[PDB]
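In: Sharing an experimental structure here, sequence included.
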Amino acid sequence: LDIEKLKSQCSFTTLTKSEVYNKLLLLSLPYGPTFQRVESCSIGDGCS
Amino acid sequence: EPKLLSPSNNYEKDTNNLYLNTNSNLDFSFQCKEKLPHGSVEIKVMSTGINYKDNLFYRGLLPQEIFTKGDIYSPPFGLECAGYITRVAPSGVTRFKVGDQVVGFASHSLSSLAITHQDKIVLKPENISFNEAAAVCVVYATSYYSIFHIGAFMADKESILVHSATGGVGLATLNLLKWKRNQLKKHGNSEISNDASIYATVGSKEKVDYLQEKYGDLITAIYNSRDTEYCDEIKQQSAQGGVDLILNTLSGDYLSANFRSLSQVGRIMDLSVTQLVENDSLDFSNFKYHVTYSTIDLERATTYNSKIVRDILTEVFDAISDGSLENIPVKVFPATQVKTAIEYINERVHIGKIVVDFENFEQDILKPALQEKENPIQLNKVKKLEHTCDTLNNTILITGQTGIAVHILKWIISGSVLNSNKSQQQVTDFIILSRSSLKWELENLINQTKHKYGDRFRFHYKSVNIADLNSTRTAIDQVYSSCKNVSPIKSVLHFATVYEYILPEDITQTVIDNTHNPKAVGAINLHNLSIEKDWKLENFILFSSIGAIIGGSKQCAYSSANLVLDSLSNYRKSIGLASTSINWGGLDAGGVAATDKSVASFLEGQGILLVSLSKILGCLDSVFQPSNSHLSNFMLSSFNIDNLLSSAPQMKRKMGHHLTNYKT
Amino acid sequence: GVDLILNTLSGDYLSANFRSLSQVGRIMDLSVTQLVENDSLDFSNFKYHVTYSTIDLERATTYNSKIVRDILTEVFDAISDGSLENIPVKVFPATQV
Amino acid sequence: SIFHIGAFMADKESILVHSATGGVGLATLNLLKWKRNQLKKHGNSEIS
Amino acid sequence: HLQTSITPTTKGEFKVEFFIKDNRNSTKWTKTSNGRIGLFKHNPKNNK
Amino acid sequence: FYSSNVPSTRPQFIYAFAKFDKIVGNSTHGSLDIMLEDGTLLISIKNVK
């Protein structure tokens, strides 16, 4: 699968680890460090 | 004071724009007239049938994946419609004109109005009652589909076993078979060989009696549906060692006997939900010879074949005229017995399709509600389909960039894009100032609106500390220096807020400064800016909290700053250039109270409860009206006054009258 | 998806054929992997409107010579003007059985 | 197996024939072509 | 070592498959018989 | 699971891409595909409820 065109597709913004996991905590999904893996999450228009 | 904030244009009070509808308890609430999709027709319901699915919805016995209109909380009660045509689609409809009498499929048709595409309704012939019309569509349609189309059934050379014949579908099936046999008889094809028989099963002795006395010649034999030896018995009686088609309605167990009760050319039609239990299987062993196992659920007739409905209706009243065909027993119910009928279908001691009638709807239901919701203290709950930011025409400014801000901006933009039916109320430019550098949420909102609406809006986020009027003025003048198309600033909202927990032993001057420079000093500097720039601000909103009213816990400076916001808003109210400050509580979504539930439990220990975003946006919509701008600053929260007074001594006299129970 | 499949492959491909159906899909089988008993499908594939029918030539051997009559008459009629054919007929002598 | 069991319609539906080069498959394709032409000639030329 | 397995299949229905081996040593079973049964109460009013 | 694409050496990072589909009731349908650094496809899930 073409990485570059999907990166262009899903590049509304960019999120570090802490922001993503706080947002997930908003979904009542606490997580320990051992399950903290997402590093950088660039969101799009429903395509991430 | 519930009637304090006067209603806004987003209300819906035009009685013509209204139409009743059944809620989850079949009581009638109000909705707005819908925006007609292309090729869709709106029908005034005179008669509506009832199915098993309606009873199931009454108790919410299905998962959400089967709902097509609404969900479990707003089920699509009703499935047929029979009434006059009110409004055609703006384009794409030629089969209908406003006023015609039509019958057919329409989701959630237990209301006075029903919108549906034209490919689901046909011209109801004008010599049959609407009561029959609402009791003819689903049953005869499903029968004619699952028999004469999928099976390619032949009413002269094959035999059919219809399970639970006394069900509406079963009776429609038997009537269809009788009509088809007579039709073949008249056209020189009178040969109906005895290898073409009709067996039917029912659940009780009374049903046996009714079928025996009505269709005596047509039915060959009848067996109980609660037992399975009918499987063996059919092969015993049959000269061909089985039947050639089954209209299965029973659940689970009986399927594996139905398979065995088939001749070598057997076929099966299912009307059940026992298939949806995943990882649960039939077996290939049943599939040795020619078999055809087809599941049925009414969506093909809702997309492809109104022709079946047209033909069954025309030939049904034609064949009733001379008389060899009937219409299943139509039991009528008044518009007020909707709950009664919905419970009544469960009894199964009836026979035929249950239909409600809506010719008394106007007097027995509608006008009482008309005379009731006119209640002035009743803040009408009817929501229109759009927002309209009346006070926001040219430009707005936002302090702070995270949390509650983004939901408000989303709502404002969604309202503004629909507000394009006026020549001036087109929001042109948002200006965002935040002490911190750009955050992910605001940027996400910015680029979402960009990608969605083009260059219709333009955001100018200049990050700069707000504690110096000079720096803020520089930021604004640089905004007007970046693009020469920025409209004059019309409004400003103070959402900026820093959170600091400070116990009453470490309160240093720096704590007060760090709390008040973003809230109070910032508000005063913005007020001075509006003073200098000659800003006729219809919307100068300050976001205070309940700390300034009842007092917070080890958060002195925040509460004090909120009280400064209150005093400043009152001062602006007195000297002209009106404003408004609101002392909210916690936030149910988008905050620390929304991310950690321990602080939520602590705060609910004081009686305060978090307010849903819907009420928050309602209050913002109300205050965004020029009529309400003259009202004083007010506090908006949901309090448990009992616990609140048990925790707060001073408020016993100030808010003691808010109790509902006075403890003795 | 598609609206009908004339399955001829064996076993495995059936479970993908089921997924390759639109909501009004149907399937016709010409195979004998069906006869292996206690080996089964799942009702999961039967969520929406589907029709799984097995075929073996005994109905036409009892009921419908009409299909044969119509296909023959219209096949040589439509070959006459020419928009229809007859599949490549490879002939063999009686000695090459 | 096409025009009777499925009640196929050569103008509104799509069909996937496995192993077309088999005799049954080629008969199927020839049948579909003939049916399409027959519908075309009788004022039902609409084959979406 | 003969072992019968009972698999829940549908409402009432069940699947039965057998295996054998040599006890102290064999990890290899080979299915010998299988079938399906159904737990449906019969109708004893056609009897005797 | 395209195991024929699993590499012989552990990469420091693996990519992912998830396209939201729709919400019915209180249930959300998404889709998720896990990809290697240079685009090699590893796992493809076409429906998550």
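Out: Ah, there it is. Numbering: from 1, shown residues only, chains lettered A, B, ... in the order given.
In: partners of residue 15 in the sheet?
Out: Just so you know, I chose chain A. For residue A:15, the beta-bridge assignment (DSSP bridges) gives partners residue A:41.
In: Chain F is the one I meant
Out: residue F:35.
In: Would you agree it is in contact with residue F:36?
Out: Yes. Using Cβ atoms under 8 Å, residue F:15 is in contact with residue F:36, at 6.9 Å. Every residue, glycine included, has its C-beta placed from N, CA and C.
In: Check whether the one helix or strand residue B:102 maps to comes near chain C.
Out: Using DSSP states H and E, residue B:102 maps to strand B:101-105. No. Interface with chain C: strand B:101-105 contributes nothing (Cβ under 8 Å from any Cβ of the partner chain), its closest point being 15.5 Å away.
In: What pairs with the next helix or strand after that strand, parallel or antiparallel?
Out: As assigned by DSSP H and E, the chain's next helix or strand after strand B:101-105 is strand B:113-117. With DSSP bridges as the test, strand B:113-117 is paired with strand B:40-50 (antiparallel).
In: Need the three-state assignment for residue B:30.
Out: Following DSSP: H, G, I helix; E, B strand; the rest coil, we place residue B:30 in the strand state.
In: Could you tell me how many residues sit around the closest residue to it other than its chain neighbours?
Out: Using Cβ to Cβ, 6 or more residues apart in numbering or on different chains and skipping the chain neighbours, the partner closest in space to residue B:30 is residue B:382 (4.9 Å). By the measure other Cβ atoms under 10 Å in any protein chain shown, the count of residues near residue B:382 is 16.
In: In contact with residue B:382, which residues?
Out: B:11, B:12, B:13, B:18, B:30, B:31, B:32 (Cβ atoms under 8 Å, 6 or more residues apart in numbering or on different chains).
In: where's residue F:22, which helix or strand?
Out: Element membership of residue F:22, judged by DSSP H and E, is strand F:15-24.
In: Now do the SS call for the one residue sitting closest to the centre of chain B.
Out: Geometric centre of chain B, nearest residue: residue B:70, 4.0 Å, by Cα atoms, centre = their mean. Under three-state DSSP, residue B:70 falls in the coil class.
In: show me what contacts the most far-flung residue of chain F relative to its centre?
Out: No residue in chain F sits farther from the centre than residue F:25, which is 24.7 Å out by Cα atoms, centre = their mean. Contacts for residue F:25 (Cβ under 8 Å, 6+ apart) come out as B:63, B:64, B:65, B:67, B:71, B:72.
In: how far away is the spatially closest residue to the last one that is not a sequence neighbour from residue B:159?
Out: Translated: residue B:72. Among residues not flanking residue B:72 along the chain, residue B:60 sits closest, at 4.8 Å (Cβ to Cβ, 6+ apart). Here residue B:60 is placed at a distance of 40 Å from residue B:159 (Cβ to Cβ, to the nearest Å).
In: ok, the two, which is more surrounded?
Out: The neighbour comparison of residue B:60 against residue B:159 (other Cβ under 10 Å) goes to residue B:159, with 23 against 13.
In: how much space between the more buried one and residue B:224?
Out: Using Cβ to Cβ, residue B:159 is found at 19 Å from residue B:224.
In: ditto for residue A:29
Out: 53 Å.
In: Repeat that for residue B:283.
Out: To residue B:224, residue B:283 is 26 Å away according to Cβ to Cβ.
In: now do residue B:467
Out: 86 Å.
In: swap in residue B:384?
Out: On the measure of Cβ to Cβ, residue B:384 and residue B:224 end up 56 Å apart.
In: who's the residue nearest the centre of chain E bridged to?
Out: Central residue of chain E (Cα atoms, centre = their mean): residue E:16, 2.2 Å from the mean position. Counting by DSSP bridges, residue E:16 forms beta bridges with residue E:6, residue E:35.
In: Let me see the contact set for it.
Out: E:4, E:5, E:6, E:7, E:34, E:35, E:36, E:37.
In: Could you look up the SS state of the last one?
Out: Per three-state DSSP, the local secondary structure of residue E:37 is strand.
In: ok, it touching residue E:14?
Out: Yes. When contacts are counted by Cβ under 8 Å, residue E:37 is listed as touching residue E:14 (5.4 Å).
In: Name the nearest residue to residue B:627, sequence neighbours excluded.
Out: Excluding its sequence neighbours, the residue lying closest to residue B:627 (Cβ to Cβ, 6+ apart) is residue B:6, at 5.4 Å.
In: quick one: which helix or strand includes the one you found?
Out: Going by DSSP H and E, residue B:6 is not in any helix or strand.
In: got the phi/psi numbers for it?
Out: In terms of degrees, to the nearest 10, the main-chain angles of residue B:6 are phi -60, psi 150.
In: and it, what is it in contact with?
Out: Neighbouring residues of residue B:6 by Cβ under 8 Å, 6+ apart: B:622, B:625, B:627, B:628.
In: roughly how far apart are the residue in chain F that chain B sits nearest to and residue B:388?
Out: With Cβ to the nearest Cβ as the measure, residue F:25 is the residue of chain F nearest to chain B, at 2.7 Å. Residue F:25 is 30 Å from residue B:388, where distance means Cβ to Cβ.
In: related to what we said a few turns ago, chain C: which of the contacts of residue B:6 is nearest?
Out: Out of the contacts of residue B:6, the member with the shortest distance to chain C (by Cβ to the nearest Cβ) is residue B:622, at 45.3 Å.
In: The closest one belongs to a helix?
Out: Yes. Assessed with three-state DSSP, residue B:622 lies in a helix.
In: So for stretch B:526-546, what gets flagged as buried?
Out: B:526-527, B:529-530, B:535, B:537-546 (16 or more other Cβ atoms under 10 Å in any protein chain shown).
In: shouldn't residue B:409 be in contact with residue B:400?
Out: No. If you go by Cβ under 8 Å, residue B:409 and residue B:400 don't touch, sitting 11.0 Å apart.
In: Count the neighbours of the spatially closest residue to residue B:167 that is not a sequence neighbour for me.
Out: Distances taken as Cβ to Cβ, 6+ apart place residue B:249 nearest to residue B:167, at 6.1 Å, with adjacent residues excluded. When neighbours are counted by other Cβ under 10 Å, residue B:249 registers 19.
In: One more: residue E:44?
Out: 9.
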